[PDB]
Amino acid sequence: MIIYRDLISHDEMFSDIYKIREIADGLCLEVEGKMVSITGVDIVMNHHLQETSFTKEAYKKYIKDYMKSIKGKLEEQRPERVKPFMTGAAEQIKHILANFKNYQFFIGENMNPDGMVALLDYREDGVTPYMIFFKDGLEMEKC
């Protein structure tokens, strides 16, 4: 099994028991969930993700801060990934802010305030959930 952890907080975020597809040119992972019967998202239940909430202005403050943290990690492990990530994430942040109320927000079970914030959306059938993660803020652990 492959487990994906938060690069900052080291929480487990999900694993390859779900369907995973890269999007936005390697910037993000889209993870397919399943609804299960408290009627919820298996990804969230399975990994004890905690739902959180932002005002738009606190997210803007948070996500710039988080982007700077990922820039730091990349600078010391993959310096070539820095300017694609900073470019791509800026493109992505401004779109996320547009649809801000279409997303729910989740953090790992450590509730580290410097951790990644995943976005939960639902497909148009209103039943299948999916979650968006910043791929550069994740670290794969085989076991």
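So that there is no doubt, residue numbering starts at 1 and follows the sequence shown.
*Asks:* When the Cα temperature factors in the entry are averaged, is it 117-125 or 131-139 that ends up higher?
*Replies:* Higher mean C-alpha B-factor: 117-125.
*Asks:* Mean Cα B factor from the PDB record: higher for 60-68, or higher for 76-84?
*Replies:* Per the PDB entry, the higher value belongs to 76-84.
*Asks:* Which has the highest CA B-factor per the PDB entry: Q50, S53, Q92, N46?
*Replies:* Answer for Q50, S53, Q92, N46: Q92, with the highest C-alpha B-factor.
*Asks:* What third of its chain, lowest, middle or highest, does the C-alpha temperature factor of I8 fall into?
*Replies:* CA B-factor rank for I8: lowest third.
*Asks:* Ranking the modelled residues of this chain by C-alpha B-factor as given in the entry, is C28 in the lowest, middle or highest third?
*Replies:* It falls in the middle third of the chain.
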